[PDB]
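Novice: pasting the first bit of my complex, frame unchanged:
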Amino acid sequence: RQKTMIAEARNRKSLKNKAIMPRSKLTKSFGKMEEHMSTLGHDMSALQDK
Amino acid sequence: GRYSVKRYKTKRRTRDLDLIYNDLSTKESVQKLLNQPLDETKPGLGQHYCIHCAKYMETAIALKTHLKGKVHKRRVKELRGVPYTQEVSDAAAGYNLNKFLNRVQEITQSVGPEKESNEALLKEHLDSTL
Amino acid sequence: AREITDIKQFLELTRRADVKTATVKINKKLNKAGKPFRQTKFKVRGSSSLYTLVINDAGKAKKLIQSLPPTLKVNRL
Amino acid sequence: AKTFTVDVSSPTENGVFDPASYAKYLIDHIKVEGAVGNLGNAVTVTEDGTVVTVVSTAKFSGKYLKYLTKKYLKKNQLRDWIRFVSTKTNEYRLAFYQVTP
């Protein structure tokens, strides 16, 4: 999984060109963080309300 | 490519450290090459000949600057141990082991400190004359 | 643009009869390095120049505001 | 001395974060005059449950605190959803990003 993380970040980064966008300004879906936090082992009953 | 091809030609071939070992081994060999009568063709007219780096310099000061250098120390640090003959090459493969081991203990006992003392006499001779 | 030290000349300027407008500015400043305090800048708009008075002590500043003439328009902040 | 104050209400309420693990990370990974294990009378990390608090007589800065907190969030896989921000001077807090449905 460490090697998989490295391989993912290799594609994700591309840093010598264009300065990865900040997350302050972007917006993400709901469902994505559902999957992420379920995989991490949390539950989303406090977020579904919201 | 060009560098290896044009440096390591058999025309420009140098003098095979085995033989430099066999030469620095004994007294008469080193004194002969320190004496080296006047030859019109040799670079330094004979004299000023380094034996480790089998090379004729022009002058005493060119010998000094050669000895105060890493090109000399490369060779002296290469020539300390045994000289890697075909005996070693075949003893590694399982062939004439006892000959190799006799040669090894012979160098360790007899020939090693012989050559070391010869090198030390050479060094203080050169440092005193230069 | 010009600074003033005296008070009498600021009053004369307020009563110069070519002044229509003034303005008070409040700044928060630190003294030496040390303590917050309230600087006040009384600016008056002449025809050619803008005259200004720097008052560090608010007590004297508000008494200056009182002694200002009444017809003169003033602008706060 | 110098005091710094982090708030952790937002993630802790929705159940992604535990301040005790965050303080357990800080109290060991904070460096003084070199490496870990020199917080002798100089630094005090203490939690309440909603607010973590640091008090330091030694060299310590809000950028260092942010660096440590972002490292912890990357450890627990929270960098891509939470940000450490300043609300007032030396008063910081964790906040979710602008995720909308």
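Specialist: Everything's here; your move. Numbers count the residues shown, from 1 in each chain, chains lettered A, B, ... in the order given.
Novice: can you give me the helices in the chain?
Specialist: All of this is about chain A. For chain A, applying DSSP state H gives helices covering A:2-13, A:15-18, A:32-40, A:45-48.
Novice: my bad, the chain I had in mind was chain C
Specialist: C:8-14, C:58-67.
Novice: So which of these is nearest chain D?
Specialist: Smallest distance to chain D across those (C-beta to the nearest C-beta): 25.2 Å, for helix C:58-67. From N, CA and C alone the C-beta is placed, and that goes for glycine too.
Novice: Return the list of helices and strands in contact with that closest one.
Specialist: Contact here means 3 or more C-beta pairs under 8 Å, 6 or more residues apart in numbering or on different chains; DSSP states H and E; on that basis helix C:58-67 packs against strand C:36-45, strand C:50-55.
Novice: is it possible to export those strands to JSON lines including distance to chain D?
Specialist: JSON lines is the format used below for the helices and strands packed on helix C:58-67 (distance: least, C-beta to the nearest C-beta, whole Å):
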{"stretch": "strand C:36-45", "distance to chain D": "14"}
{"stretch": "strand C:50-55", "distance to chain D": "28"}
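Novice: ok so, going back, pipe the helices of chain A into TSV and attach distance to residue B:96 per row.
Specialist: Converted to TSV, these look like this (distance: least, C-beta to C-beta, whole Å):
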stretch	distance to residue B:96
helix A:2-13	50
helix A:15-18	59
helix A:32-40	67
helix A:45-48	81
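Novice: Deepest in the core, which of these is it.
Specialist: Most buried of these, by mean neighbour count (mean count of other C-beta atoms under 10 Å in any protein chain shown): helix A:32-40, with a mean of 14.
Novice: Let's see it as CSV, backbone CA atoms only.
Specialist: In CSV, the C-alpha atoms belonging to helix A:32-40 read as follows (Å, rounded to 0.1, in the frame of the first residue of the first chain):
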residue,chain,number,x,y,z
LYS,A,32,-16.5,11.0,-2.2
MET,A,33,-15.8,11.8,1.4
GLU,A,34,-18.5,9.2,2.3
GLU,A,35,-16.4,6.6,0.6
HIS,A,36,-13.1,8.0,2.0
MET,A,37,-14.3,8.1,5.6
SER,A,38,-16.0,4.8,5.4
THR,A,39,-12.8,3.3,4.2
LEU,A,40,-11.0,5.0,7.1
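Novice: quick revisit: pick the most buried one from the helices of chain C.
Specialist: Buried most deeply of these, by mean count of other C-beta under 10 Å, is helix C:8-14, with a mean of 15.
Novice: now for chain E, put it on the one above:
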Amino acid sequence: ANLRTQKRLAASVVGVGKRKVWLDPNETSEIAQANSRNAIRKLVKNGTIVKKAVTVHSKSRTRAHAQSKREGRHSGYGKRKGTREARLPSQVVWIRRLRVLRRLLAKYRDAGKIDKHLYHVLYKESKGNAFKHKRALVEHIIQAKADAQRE
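Specialist: That brings us to chain E, laid onto the chains above:
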């Protein structure tokens, strides 16, 4: 559609080049409706157009190499490629040295460690050489004063 004018205007508003500014491809009609810098500003603040922070140029390697140079590395004959003069002029060296020697003698004369006549001969001797540095000048001064009081 064609958001060329919008990219240009967003660059001119934000104060960067077009290579930075970013248009979310989902809000295409909302961006194409815009034909004014006020509208572009609205789209800047609402989060439809952002700034794309700077492409980095780090100096960790340069600072490390400079630190090794301070420590006395990467300076040998294989790294030297210009003459000693081009690297450091002897005129500059002599200027430093002579200013130093003049300043020292001035301070000694003003303090009273030395008289104006010995100052005068030392000035011209240091204008010439035979005083290689502060140490040699101080030692010569000490020898002079010692033989003087000996006389």
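Novice: Most proximal residue of chain C with respect to chain E?
Specialist: For chain C, C-beta to the nearest C-beta, closest residue to chain E: residue C:77, 25.6 Å.
Novice: okay, now that residue: neighbour count?
Specialist: Using other C-beta atoms under 10 Å in any protein chain shown, residue C:77 is surrounded by 6 other residues.
Novice: got a list of what residue E:40 touches?
Specialist: E:6, E:9-10, E:13, E:34, E:49 (C-beta atoms under 8 Å, 6 or more residues apart in numbering or on different chains).
Novice: out of those residues, who's nearest residue D:77?
Specialist: residue E:49 (30.2 Å; C-beta to C-beta).
Novice: For that closest one, grab phi and psi.
Specialist: Dihedral pair for residue E:49: phi -130, psi 130, per degrees, to the nearest 10.
Novice: hang on, it packs against residue E:10?
Specialist: Yes: using C-beta atoms under 8 Å, residue E:49 makes contact with residue E:10 at a distance of 5.1 Å.
Novice: Give me the common contacts of these two.
Specialist: With C-beta under 8 Å, 6+ apart, residue E:49 and residue E:10 have common neighbours E:21, E:23, E:40, E:43.
Novice: Residue D:44 looks like it's in a strand, true?
Specialist: Yes: counting by DSSP: H, G, I helix; E, B strand; the rest coil, residue D:44 is part of a strand.
Novice: how many other residues sit next to it?
Specialist: With other C-beta under 10 Å as criterion, residue D:44 counts 14.
Novice: Am I right that it is in contact with residue D:58?
Specialist: No: the criterion here is C-beta under 8 Å, and residue D:44 misses it with residue D:58 at 11.0 Å.
Novice: mind listing the strands for chain B?
Specialist: Assigned by DSSP state E, the strands in chain B fall at B:49-50, B:55-56.
Novice: Describe which strands the first one pairs with in its sheet and in which direction.
Specialist: Strand B:49-50 sits in its sheet next to strand B:55-56 (antiparallel), going by DSSP bridges.
Novice: contacting residues around the strand it pairs with?
Specialist: Here strand B:55-56 has contacts from B:42-44, B:46, B:48-49, B:66, using C-beta under 8 Å, 6+ apart.
Novice: Mind checking which residue lies nearest the centre of chain C?
Specialist: residue C:42 (1.5 Å; C-alpha atoms, centre = their mean).
Novice: throw chain F onto that model:
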Amino acid sequence: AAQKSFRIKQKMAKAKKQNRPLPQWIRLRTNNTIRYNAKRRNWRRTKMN
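Specialist: The block that follows adds chain F to the chains above:
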């Protein structure tokens, strides 16, 4: 240029006001021989000195 004289600018203004196609209500006229503007000008094709 950009520091023109008024003579040059006046000639330029005449050229701008001339730089048009032909109106359509002239096609519809009794005994109309004209079908295009043969004295039309473009900055890249011909120069007007």
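Novice: What about the neighbour count of residue D:44 again, now that chain F is present?
Specialist: So residue D:44, with other C-beta under 10 Å, has 14 neighbours.
Novice: again with residue E:86
Specialist: Applying other C-beta under 10 Å, we find 8 residues neighbouring residue E:86.
Novice: what's the distance between it and residue E:92?
Specialist: 12 Å (C-beta to C-beta, to the nearest Å).
Novice: Give the buried residues for stretch B:71-88.
Specialist: Judged by neighbour count using 16 or more other C-beta atoms under 10 Å in any protein chain shown, the buried positions of stretch B:71-88 are B:72, B:75, B:79, B:82-83, B:87.
Novice: Just the terminal-to-terminal distance for that stretch.
Specialist: 26 Å (C-alpha to C-alpha, to the nearest Å).
Novice: Contacts only, for residue B:121.
Specialist: Per C-beta under 8 Å, 6+ apart, neighbours of residue B:121: residue B:30.
Novice: Let's see that with 7 Å instead.
Specialist: By C-beta atoms under 7 Å, 6 or more residues apart in numbering or on different chains, the contact set of residue B:121 is empty.
Novice: now the one 5 residues further on
Specialist: Contacts were defined as C-beta under 7 Å, 6+ apart; by that measure residue B:126 touches residue B:67.
Novice: got the contact list for residue C:41?
Specialist: C:25, C:52, C:54 are the contacts of residue C:41 under C-beta under 7 Å, 6+ apart.
Novice: Quick check on these: which are buried?
Specialist: The buried subset of those - by 16+ other C-beta under 10 Å - is residue C:52.
Novice: wait, the residue nearest to the centre of chain C sits on residue C:53?
Specialist: Yes: contact criterion C-beta atoms under 7 Å: residue C:42 and residue C:53 qualify, at 4.5 Å.
Novice: Could you tell me which residues touch both of those two?
Specialist: residue C:10.
Novice: TSV for the buried residues of stretch B:71-88, including distance to chain D?
Specialist: Below are these laid out as TSV (distance: C-beta to the nearest C-beta, whole Å):
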residue	distance to chain D
B:72	44
B:75	45
B:79	46
B:82	47
B:83	50
B:87	54
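Novice: Just the ones in helices from the residues you listed, please.
Specialist: Using DSSP H, the buried residues of stretch B:71-88 in helices are B:72, B:75, B:87.
Novice: ok, the residues you listed vs residue C:31, which is closest?
Specialist: Once C-beta to C-beta is applied, the member of these that ends up nearest residue C:31 is residue B:72, at 73.2 Å.
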